[PDB]
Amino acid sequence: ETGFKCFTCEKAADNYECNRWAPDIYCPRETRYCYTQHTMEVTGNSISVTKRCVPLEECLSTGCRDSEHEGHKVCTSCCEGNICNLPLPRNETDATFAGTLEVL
């Protein structure tokens, strides 16, 4: 891999909007991981998506939590790897800090 790069977006409506308009640029210096936060209805529909290049300290609170807003949950993940944060986390299992199966 060359450098560090993530899908990035601030408060996009869904994964399509986030990824389709994500700039093809490298991460800011002193970031190493790709972060994703997905606010969704518990029934499934996306409400908001934020994706960022981050340091380690932003990746220590992953999982799906209940929102103060009734009927919403917030799922947060992080990953290591070039543009690794293409998907969205939707459940506790995938709302985690992990690598990918690109290279077995």
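Numbering starts at 1 and runs along the sequence shown.
In this entry, 64-72 has the higher mean Cα B-factor, the comparison being between 24-32 and 64-72.
Look at the mean CA B-factor for 39-47 and for 52-60 in the entry; the higher one is 39-47. Among the modelled residues of its chain, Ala95 has a C-alpha B-factor that falls in the lowest third according to the deposited record. For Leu88, the recorded CA B-factor ranks within the middle third of the chain. Only modelled residues enter the ranking.
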